[PDB]
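Have a look at input_0.pdb; it's PDB, C-alpha atoms (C1' of nucleotides):
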ATOM      1  CA  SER A   1     -15.229 -37.987   5.309
ATOM      2  CA  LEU A   2     -17.547 -37.803   8.334
ATOM      3  CA  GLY A   3     -17.064 -37.251  12.042
ATOM      4  CA  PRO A   4     -19.288 -38.143  15.008
ATOM      5  CA  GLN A   5     -18.307 -35.215  17.243
ATOM      6  CA  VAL A   6     -20.270 -32.428  18.907
ATOM      7  CA  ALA A   7     -20.776 -29.172  16.999
ATOM      8  CA  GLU A   8     -22.840 -26.890  19.252
ATOM      9  CA  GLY A   9     -20.657 -27.224  22.353
ATOM     10  CA  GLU A  10     -17.229 -26.699  20.781
ATOM     11  CA  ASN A  11     -15.494 -26.144  17.446
ATOM     12  CA  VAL A  12     -12.776 -27.856  15.409
ATOM     13  CA  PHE A  13      -9.533 -25.921  14.996
ATOM     14  CA  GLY A  14      -7.019 -25.583  12.199
ATOM     15  CA  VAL A  15      -4.289 -23.158  11.194
ATOM     16  CA  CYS A  16      -3.962 -21.102   8.005
ATOM     17  CA  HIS A  17      -0.587 -19.843   6.765
ATOM     18  CA  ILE A  18      -1.197 -16.680   4.731
ATOM     19  CA  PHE A  19       1.946 -16.004   2.684
ATOM     20  CA  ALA A  20       1.760 -12.732   0.740
ATOM     21  CA  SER A  21       4.544 -11.270  -1.407
ATOM     22  CA  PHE A  22       4.340  -8.308  -3.798
ATOM     23  CA  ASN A  23       3.435 -10.520  -6.773
ATOM     24  CA  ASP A  24       1.568 -13.552  -5.350
ATOM     25  CA  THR A  25      -0.530 -14.497  -2.331
ATOM     26  CA  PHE A  26      -0.921 -17.938  -0.746
ATOM     27  CA  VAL A  27      -3.807 -19.205   1.390
ATOM     28  CA  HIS A  28      -2.577 -22.515   2.822
ATOM     29  CA  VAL A  29      -4.491 -24.442   5.498
ATOM     30  CA  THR A  30      -2.941 -27.288   7.480
ATOM     31  CA  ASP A  31      -3.784 -29.158  10.677
ATOM     32  CA  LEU A  32      -2.523 -28.130  14.122
ATOM     33  CA  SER A  33       0.808 -29.924  13.635
ATOM     34  CA  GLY A  34       1.254 -28.519  10.116
ATOM     35  CA  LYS A  35       2.438 -31.750   8.475
ATOM     36  CA  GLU A  36      -0.969 -32.673   7.034
ATOM     37  CA  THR A  37      -2.677 -30.118   4.788
ATOM     38  CA  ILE A  38      -6.298 -29.451   3.815
ATOM     39  CA  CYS A  39      -6.506 -27.067   0.846
ATOM     40  CA  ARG A  40      -4.557 -24.418  -1.059
ATOM     41  CA  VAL A  41      -5.500 -22.007  -3.840
ATOM     42  CA  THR A  42      -3.039 -19.293  -4.867
ATOM     43  CA  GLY A  43      -3.890 -15.800  -6.095
ATOM     44  CA  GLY A  44      -2.769 -16.698  -9.596
ATOM     45  CA  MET A  45      -5.390 -19.457  -9.706
ATOM     46  CA  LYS A  46      -8.447 -17.171  -9.725
ATOM     47  CA  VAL A  47      -7.541 -14.284 -12.042
ATOM     48  CA  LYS A  48      -6.427 -15.296 -15.537
ATOM     49  CA  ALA A  49      -4.258 -12.183 -15.997
ATOM     50  CA  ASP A  50      -0.811 -12.545 -14.414
ATOM     51  CA  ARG A  51      -0.420  -8.780 -13.914
ATOM     52  CA  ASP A  52      -2.511  -8.407 -10.748
ATOM     53  CA  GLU A  53      -1.870 -11.784  -9.119
ATOM     54  CA  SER A  54      -1.308  -9.980  -5.788
ATOM     55  CA  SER A  55      -4.557  -8.010  -6.114
ATOM     56  CA  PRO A  56      -7.081  -7.796  -3.252
ATOM     57  CA  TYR A  57      -9.705  -9.311  -5.590
ATOM     58  CA  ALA A  58      -7.753 -12.526  -6.221
ATOM     59  CA  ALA A  59      -6.863 -12.860  -2.529
ATOM     60  CA  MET A  60     -10.542 -12.331  -1.646
ATOM     61  CA  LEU A  61     -11.692 -15.012  -4.103
ATOM     62  CA  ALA A  62      -8.967 -17.422  -2.950
ATOM     63  CA  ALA A  63      -9.892 -16.915   0.720
ATOM     64  CA  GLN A  64     -13.584 -17.425  -0.107
ATOM     65  CA  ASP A  65     -12.775 -20.660  -1.967
ATOM     66  CA  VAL A  66     -10.581 -21.896   0.915
ATOM     67  CA  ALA A  67     -13.312 -21.103   3.453
ATOM     68  CA  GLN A  68     -15.893 -22.898   1.286
ATOM     69  CA  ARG A  69     -13.669 -26.001   1.056
ATOM     70  CA  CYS A  70     -13.010 -25.894   4.817
ATOM     71  CA  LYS A  71     -16.739 -25.664   5.566
ATOM     72  CA  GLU A  72     -17.290 -28.545   3.134
ATOM     73  CA  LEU A  73     -14.817 -30.779   4.973
ATOM     74  CA  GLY A  74     -15.715 -29.489   8.445
ATOM     75  CA  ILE A  75     -13.205 -26.987   9.848
ATOM     76  CA  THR A  76     -14.840 -24.096  11.714
ATOM     77  CA  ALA A  77     -12.205 -22.385  13.897
ATOM     78  CA  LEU A  78      -8.938 -21.179  12.460
ATOM     79  CA  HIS A  79      -5.633 -19.682  13.638
ATOM     80  CA  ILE A  80      -4.036 -17.059  11.400
ATOM     81  CA  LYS A  81      -0.321 -17.409  10.607
ATOM     82  CA  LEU A  82       0.788 -14.359   8.608
ATOM     83  CA  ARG A  83       3.997 -14.350   6.566
ATOM     84  CA  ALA A  84       5.636 -11.995   4.057
ATOM     85  CA  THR A  85       8.407 -12.859   1.602
ATOM     86  CA  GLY A  86      10.935 -12.401   4.455
ATOM     87  CA  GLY A  87      14.674 -12.869   4.142
ATOM     88  CA  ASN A  88      16.683  -9.804   3.174
ATOM     89  CA  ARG A  89      14.190  -8.619   0.539
ATOM     90  CA  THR A  90      11.434  -6.918   2.569
ATOM     91  CA  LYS A  91       9.323  -7.459   5.673
ATOM     92  CA  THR A  92       6.104  -5.597   4.805
ATOM     93  CA  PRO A  93       3.298  -8.015   3.814
ATOM     94  CA  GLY A  94       1.967  -7.897   0.286
ATOM     95  CA  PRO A  95      -1.263  -6.268  -0.871
ATOM     96  CA  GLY A  96      -3.566  -9.244  -0.360
ATOM     97  CA  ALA A  97      -3.108 -10.212   3.283
ATOM     98  CA  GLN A  98      -5.703  -7.863   4.801
ATOM     99  CA  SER A  99      -8.216  -8.524   2.003
ATOM    100  CA  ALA A 100      -7.762 -12.296   2.333
ATOM    101  CA  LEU A 101      -8.109 -12.104   6.127
ATOM    102  CA  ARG A 102     -11.255  -9.959   5.883
ATOM    103  CA  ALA A 103     -12.767 -12.321   3.299
ATOM    104  CA  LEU A 104     -11.872 -15.302   5.494
ATOM    105  CA  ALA A 105     -13.490 -13.683   8.545
ATOM    106  CA  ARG A 106     -16.575 -12.530   6.603
ATOM    107  CA  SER A 107     -17.229 -16.027   5.217
ATOM    108  CA  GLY A 108     -18.613 -17.270   8.542
ATOM    109  CA  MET A 109     -15.775 -18.907  10.473
ATOM    110  CA  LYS A 110     -14.112 -18.212  13.823
ATOM    111  CA  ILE A 111     -10.707 -16.536  14.125
ATOM    112  CA  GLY A 112      -8.310 -17.320  16.950
ATOM    113  CA  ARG A 113      -4.835 -15.815  17.328
ATOM    114  CA  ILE A 114      -3.103 -13.817  14.582
ATOM    115  CA  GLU A 115       0.628 -14.475  14.388
ATOM    116  CA  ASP A 116       3.452 -12.946  12.349
ATOM    117  CA  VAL A 117       5.886 -15.671  11.235
ATOM    118  CA  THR A 118       7.918 -13.882   8.572
ATOM    119  CA  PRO A 119      11.591 -14.990   8.594
ATOM    120  CA  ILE A 120      13.693 -12.325  10.320
ATOM    121  CA  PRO A 121      17.391 -12.928   9.547
ATOM    122  CA  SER A 122      20.235 -12.227  11.939
ATOM    123  CA  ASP A 123      22.554 -10.720   9.297
ATOM    124  CA  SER A 124      22.146 -13.206   6.461
ATOM    125  CA  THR A 125      23.882 -13.165   3.073
ATOM    126  CA  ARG A 126      24.109 -10.368   0.512
ATOM    127  CA  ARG A 127      20.881  -8.961  -0.901
ATOM    128  CA  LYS A 128      20.341  -9.397  -4.639
ATOM    129  CA  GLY A 129      21.339  -6.305  -6.591
ATOM    130  CA  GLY A 130      24.414  -4.148  -7.076
ATOM    131  CA  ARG A 131      26.053  -1.602  -4.816
ATOM    132  CA  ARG A 132      24.145   1.191  -6.592
ATOM    133  CA  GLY A 133      20.893  -0.775  -6.431
ATOM    134  CA  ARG A 134      18.402  -1.325  -9.228
ATOM    135  CA  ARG A 135      18.436   1.989 -11.087
ATOM    136  CA  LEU A 136      15.256   2.485 -13.119
TER     137      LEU A 136
ATOM    138  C1'   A B   1     -33.975   2.317  45.928
ATOM    139  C1'   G B   2     -32.297   4.139  40.783
ATOM    140  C1'   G B   3     -31.467   0.556  35.630
ATOM    141  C1'   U B   4     -28.017   3.587  28.780
ATOM    142  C1'   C B   5     -21.833   6.541  35.084
ATOM    143  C1'   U B   6     -20.126  12.175  33.416
ATOM    144  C1'   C B   7     -18.298  15.967  29.128
ATOM    145  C1'   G B   8     -17.518  16.459  22.505
ATOM    146  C1'   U B   9     -16.144  12.233  19.267
ATOM    147  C1'   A B  10     -10.508  12.576  12.434
ATOM    148  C1'   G B  11     -13.222   6.988  13.973
ATOM    149  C1'   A B  12      -9.121   9.353   6.477
ATOM    150  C1'   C B  13      -1.921   8.178   7.957
ATOM    151  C1'   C B  14      -3.976   0.950   2.025
ATOM    152  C1'   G B  15       0.739   0.262   0.019
ATOM    153  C1'   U B  16       5.026   0.000  -3.568
ATOM    154  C1'   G B  17       7.784   1.672  -8.044
ATOM    155  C1'   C B  18       5.386   3.866 -12.778
ATOM    156  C1'   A B  19       6.403   1.839 -21.275
ATOM    157  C1'   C B  20       9.230   4.731 -25.351
ATOM    158  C1'   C B  21      10.880   9.844 -24.873
ATOM    159  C1'   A B  22      16.669  11.895 -29.652
ATOM    160  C1'   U B  23      18.161  16.504 -32.188
ATOM    161  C1'   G B  24      18.037  22.269 -33.217
ATOM    162  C1'   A B  25      21.421  26.356 -38.962
ATOM    163  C1'   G B  26      23.356  31.444 -37.376
ATOM    164  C1'   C B  27      23.985  36.802 -39.214
ATOM    165  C1'   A B  28      19.476  40.689 -35.597
ATOM    166  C1'   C B  29      22.562  45.062 -29.337
ATOM    167  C1'   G B  30      23.114  51.410 -29.056
ATOM    168  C1'   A B  31      25.103  52.490 -21.914
ATOM    169  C1'   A B  32      24.202  59.499 -20.989
ATOM    170  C1'   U B  33      23.551  66.534 -16.985
ATOM    171  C1'   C B  34      22.138  70.685 -16.137
ATOM    172  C1'   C B  35      18.965  75.846 -16.365
ATOM    173  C1'   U B  36      17.775  81.519 -17.002
TER     174        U B  36
END
Translate this file's structure into structure tokens.
Amino acid sequence: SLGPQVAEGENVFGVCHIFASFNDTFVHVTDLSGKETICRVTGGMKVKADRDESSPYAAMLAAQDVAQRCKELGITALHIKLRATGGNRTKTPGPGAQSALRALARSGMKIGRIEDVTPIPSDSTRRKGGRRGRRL
RNA sequence: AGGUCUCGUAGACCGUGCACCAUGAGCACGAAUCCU
């Protein structure tokens, strides 16, 4: 797992798909094409209590672990690909995206272009729930 | 030739629902104008 390239002149790029719902966050790193992956730790991996799996703490620890693994293998520059749960459920990102991005930037890498790739439907099927909604 | 262009720095709109939560015996109440 070594590479005889230059390090001072330029940097090696990858992309990171940050998928964040209201109950779990994902920090997934692939190559530029996206077929081949590098590392993934989810927000339920760090905390052992499944209540706050979408906490900023678990997203911060997962982003720090992903950045440590990427520095171990040799990825320095990274393109952010932000995604919520999408569909017809909601479009607001979950409560770990900003914390994971700040932890990933503070770890000592380089950030390129931030992109929102949440699936926006053009009038898809019926949303889950009744006509009166979830009354609680 | 001068080597920090000028006048003060709300520069908080981080976010979302929120465990279980029922009932109450009736007797005890009367409606008003003017001075020697």
### Message
Just the number, please: distance in Å from atom CA of residue 62 of chain A to atom CA of residue 77 of chain A, one decimal.
### Response
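Distance reported for this atom pair: 17.9 Å.
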Any chance you could work out the axis-aligned box around segment 2-10 of chain B, listed atoms only, 5 Å on each side, giving centre and edge lengths in Å to one decimal, as AutoDock Vina command-line options?
--center_x -21.4 --center_y 8.5 --center_z 26.6 --size_x 31.8 --size_y 25.9 --size_z 38.3
### Message
I'd like the contact shell of residue 15 of chain B - 12 Å cut-off, all atoms listed in the file, skipping same-chain residues fewer than 4 positions apart - returned as a VMD selection string.
### Response
chain A and resid 22 54 to 56 92 to 98
### Pick from B:35, B:18, B:13, B:27 nearest to chain A, counting all atoms listed in the file
B:18
### Task
Could you tell me how far atom CA of residue 64 of chain A lies from atom CA of residue 9 of chain A, in Å and to one decimal?
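Between atom CA of residue 64 of chain A and atom CA of residue 9 of chain A the gap works out to 25.5 Å.
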### Residue among A:126, A:74, A:110, A:105 lying closest to residue 4 of chain A, counting all atoms listed in the file
A:74
Could you pull segment 67-93 of chain A out of the structure just shown and give N, CA and C atoms as a PDB file, in the first residue's frame?
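Once written, selection-v9.pdb looks like this:
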ATOM      1  N   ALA A  67     -11.072  10.286   8.753  1.00  0.00           N
ATOM      2  CA  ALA A  67      -9.924  11.107   8.387  1.00  0.00           C
ATOM      3  C   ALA A  67      -8.611  10.450   8.796  1.00  0.00           C
ATOM      4  N   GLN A  68      -8.591   9.777   9.954  1.00  0.00           N
ATOM      5  CA  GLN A  68      -7.390   9.057  10.375  1.00  0.00           C
ATOM      6  C   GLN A  68      -7.078   7.893   9.438  1.00  0.00           C
ATOM      7  N   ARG A  69      -8.108   7.144   9.022  1.00  0.00           N
ATOM      8  CA  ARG A  69      -7.899   6.041   8.081  1.00  0.00           C
ATOM      9  C   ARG A  69      -7.447   6.554   6.714  1.00  0.00           C
ATOM     10  N   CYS A  70      -7.999   7.691   6.279  1.00  0.00           N
ATOM     11  CA  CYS A  70      -7.635   8.262   4.984  1.00  0.00           C
ATOM     12  C   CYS A  70      -6.216   8.821   4.996  1.00  0.00           C
ATOM     13  N   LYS A  71      -5.778   9.385   6.127  1.00  0.00           N
ATOM     14  CA  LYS A  71      -4.383   9.800   6.242  1.00  0.00           C
ATOM     15  C   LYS A  71      -3.455   8.597   6.347  1.00  0.00           C
ATOM     16  N   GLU A  72      -3.942   7.494   6.927  1.00  0.00           N
ATOM     17  CA  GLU A  72      -3.139   6.277   6.991  1.00  0.00           C
ATOM     18  C   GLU A  72      -2.904   5.694   5.603  1.00  0.00           C
ATOM     19  N   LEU A  73      -3.948   5.631   4.778  1.00  0.00           N
ATOM     20  CA  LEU A  73      -3.783   5.120   3.422  1.00  0.00           C
ATOM     21  C   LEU A  73      -3.150   6.136   2.476  1.00  0.00           C
ATOM     22  N   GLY A  74      -3.421   7.427   2.656  1.00  0.00           N
ATOM     23  CA  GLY A  74      -2.807   8.433   1.813  1.00  0.00           C
ATOM     24  C   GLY A  74      -3.746   9.213   0.913  1.00  0.00           C
ATOM     25  N   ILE A  75      -4.878   9.656   1.453  1.00  0.00           N
ATOM     26  CA  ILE A  75      -5.787  10.566   0.762  1.00  0.00           C
ATOM     27  C   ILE A  75      -5.795  11.885   1.522  1.00  0.00           C
ATOM     28  N   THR A  76      -5.471  12.973   0.826  1.00  0.00           N
ATOM     29  CA  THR A  76      -5.301  14.281   1.451  1.00  0.00           C
ATOM     30  C   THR A  76      -6.386  15.284   1.093  1.00  0.00           C
ATOM     31  N   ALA A  77      -6.822  15.325  -0.162  1.00  0.00           N
ATOM     32  CA  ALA A  77      -7.838  16.264  -0.614  1.00  0.00           C
ATOM     33  C   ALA A  77      -9.154  15.532  -0.839  1.00  0.00           C
ATOM     34  N   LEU A  78     -10.261  16.213  -0.556  1.00  0.00           N
ATOM     35  CA  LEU A  78     -11.524  15.499  -0.469  1.00  0.00           C
ATOM     36  C   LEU A  78     -12.672  16.404  -0.898  1.00  0.00           C
ATOM     37  N   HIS A  79     -13.602  15.836  -1.665  1.00  0.00           N
ATOM     38  CA  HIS A  79     -14.768  16.543  -2.182  1.00  0.00           C
ATOM     39  C   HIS A  79     -16.007  16.092  -1.422  1.00  0.00           C
ATOM     40  N   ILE A  80     -16.760  17.046  -0.903  1.00  0.00           N
ATOM     41  CA  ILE A  80     -17.873  16.760  -0.004  1.00  0.00           C
ATOM     42  C   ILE A  80     -19.140  16.554  -0.821  1.00  0.00           C
ATOM     43  N   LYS A  81     -19.874  15.480  -0.521  1.00  0.00           N
ATOM     44  CA  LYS A  81     -21.068  15.109  -1.276  1.00  0.00           C
ATOM     45  C   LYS A  81     -22.173  14.882  -0.246  1.00  0.00           C
ATOM     46  N   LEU A  82     -22.974  15.913   0.015  1.00  0.00           N
ATOM     47  CA  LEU A  82     -23.899  15.912   1.144  1.00  0.00           C
ATOM     48  C   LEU A  82     -25.280  15.417   0.728  1.00  0.00           C
ATOM     49  N   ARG A  83     -25.855  14.529   1.543  1.00  0.00           N
ATOM     50  CA  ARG A  83     -27.121  13.889   1.216  1.00  0.00           C
ATOM     51  C   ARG A  83     -27.939  13.672   2.485  1.00  0.00           C
ATOM     52  N   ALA A  84     -29.228  14.008   2.410  1.00  0.00           N
ATOM     53  CA  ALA A  84     -30.200  13.729   3.456  1.00  0.00           C
ATOM     54  C   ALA A  84     -30.931  12.425   3.137  1.00  0.00           C
ATOM     55  N   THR A  85     -32.006  12.145   3.878  1.00  0.00           N
ATOM     56  CA  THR A  85     -32.737  10.903   3.633  1.00  0.00           C
ATOM     57  C   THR A  85     -33.556  10.953   2.346  1.00  0.00           C
ATOM     58  N   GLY A  86     -33.852  12.148   1.831  1.00  0.00           N
ATOM     59  CA  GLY A  86     -34.444  12.380   0.527  1.00  0.00           C
ATOM     60  C   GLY A  86     -35.834  11.787   0.382  1.00  0.00           C
ATOM     61  N   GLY A  87     -36.198  11.511  -0.869  1.00  0.00           N
ATOM     62  CA  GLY A  87     -37.493  10.927  -1.175  1.00  0.00           C
ATOM     63  C   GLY A  87     -38.624  11.890  -0.889  1.00  0.00           C
ATOM     64  N   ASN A  88     -39.718  11.352  -0.355  1.00  0.00           N
ATOM     65  CA  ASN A  88     -40.859  12.154   0.060  1.00  0.00           C
ATOM     66  C   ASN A  88     -40.916  12.345   1.570  1.00  0.00           C
ATOM     67  N   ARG A  89     -39.872  11.939   2.296  1.00  0.00           N
ATOM     68  CA  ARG A  89     -39.896  12.040   3.751  1.00  0.00           C
ATOM     69  C   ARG A  89     -39.549  13.451   4.214  1.00  0.00           C
ATOM     70  N   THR A  90     -38.310  13.878   3.973  1.00  0.00           N
ATOM     71  CA  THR A  90     -37.861  15.231   4.277  1.00  0.00           C
ATOM     72  C   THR A  90     -36.613  15.518   3.457  1.00  0.00           C
ATOM     73  N   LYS A  91     -36.252  16.799   3.393  1.00  0.00           N
ATOM     74  CA  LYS A  91     -35.082  17.236   2.651  1.00  0.00           C
ATOM     75  C   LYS A  91     -34.044  17.939   3.511  1.00  0.00           C
ATOM     76  N   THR A  92     -34.370  18.280   4.751  1.00  0.00           N
ATOM     77  CA  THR A  92     -33.402  18.889   5.655  1.00  0.00           C
ATOM     78  C   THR A  92     -32.399  17.834   6.110  1.00  0.00           C
ATOM     79  N   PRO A  93     -31.096  18.119   6.078  1.00  0.00           N
ATOM     80  CA  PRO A  93     -30.112  17.144   6.568  1.00  0.00           C
ATOM     81  C   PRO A  93     -30.214  16.937   8.072  1.00  0.00           C
TER      82      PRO A  93
END
